[PDB]
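Below, in structure tokens: the form deposited in one PDB entry, a single chain.
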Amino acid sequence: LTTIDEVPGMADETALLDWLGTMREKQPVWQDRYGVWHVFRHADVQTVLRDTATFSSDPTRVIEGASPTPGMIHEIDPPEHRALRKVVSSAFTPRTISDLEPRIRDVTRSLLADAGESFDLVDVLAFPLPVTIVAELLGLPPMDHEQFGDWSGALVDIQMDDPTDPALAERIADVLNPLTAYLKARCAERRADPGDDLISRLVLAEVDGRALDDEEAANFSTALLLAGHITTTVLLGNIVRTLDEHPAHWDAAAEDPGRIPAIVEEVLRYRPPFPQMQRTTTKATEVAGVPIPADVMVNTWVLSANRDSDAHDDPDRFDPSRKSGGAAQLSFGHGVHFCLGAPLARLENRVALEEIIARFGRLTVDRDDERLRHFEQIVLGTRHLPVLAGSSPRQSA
């Protein structure tokens, strides 16, 4: 233990993981050189995420401009979070998600049908599939944009190191503002003539007198669109990667496609698309007996918690057959901010992997030109994943 910050960056995962392990052991609550605090143990990550009074999700809590963006449900605390969550959950329903299955399968099947035997999984499927699905769910037209989220890439590639930096707020707003404005216009068109698409549902939604204005509906639809440009794109790459490291599971899921949901849960634990979540202390508190001051940022390492042997047995072992006494998925968060889109992600990744197996039996990652381009910061995964099918319906005698 020395007072010289490293943090292996995300790009070297094995080194990140060895660091996390040692911190879990020796420094479970750590303050970095920017005065940002880090929480590494499973039970402590849980404490933090649950306790919204002490640990607020409003980053703008500190900054002199009390600007909580309306309808940014992940950046809003009780009691307003509660009423907001109720309004959106009433538009964004299981039924609404589940009816998507046939379209999810149609799109996935057509995109793969054209891929050849050697392609980029991200450009071919992992990116265009959720973009298409989420737009259609929201009731938007098909978009012209596609470079693996030109704007969503800019977002995750933000000029950032010190999260205390006030500029950062502006750099984010710079990217999102054009997109939020475009959605605000779409919401106003649906307010005029509502359909059954999700934007119409959002605009008509009302729970205990609380309705979304076009500000809030546009903001929240923007978040949803962003979720669809990034999350499945990262998870599905992580799934193929991991299965490529334990390839016996390709054959097992081919024989019993009902094993697929469990593969997805396991990769979620093993490689969470989002390894860290962020909170701000609203008051002097302590974690693990470590005193933390008011008004500072706190990062909760979901990646650490997931590899913490006190939470799981043999935690670095990739094992889909691991029954869990109360399978609750920390990679989708913990508490009242628990992932609203969890069913949709589970559905898209299940259908995706099903369709990969049905056409190809298996894919392997292709490192025959370069090593993978990992995300350097926000998410845990790769920007591209060139793959190779050994088998496919194209092969002839």
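Sequential numbering from 1, following the sequence displayed. Take the two forms, superpose them, and find the largest set of C-alpha atoms that agree within 1.5 Å; that set is the rigid core.
There is another form of the same protein, the form deposited in another entry; it is not shown, and what comes next is about it.
> Considering only 153, 261, 128, 315, which residue exhibits a C-alpha shift of no less than 2 Å between the shown form and the other one, with the rigid core used for superposition?
So the residue whose C-alpha moves 2 Å or more is 153.
> Any CA movement of 2 Å or more for residue 336 between the shown form and the other one, core superposed?
No, its C-alpha moves less than 2 Å.
> Verify the C-alpha shift of residue 53 between the shown form and the other one: is it 2 Å or more after superposing the core?
False for residue 53: its C-alpha shift is below 2 Å.
> Would you say whether residue 144 is displaced between the shown form and the other one, judging by a C-alpha shift of 2 Å or more on the superposed rigid core?
Yes.
> Between residue 64 and residue 30, do the C-alpha atoms lie closer or farther in the other entry than in the shown form, with a difference of 3 angstroms or more?
Compared with this form, residue 64 and residue 30 lie closer in the other entry.
> Closer or farther apart in the other entry, the C-alpha atoms of residue 277 and residue 151, for a change of 3 Å or more?
Their C-alpha distance shrinks by at least 3 Å in the other entry.
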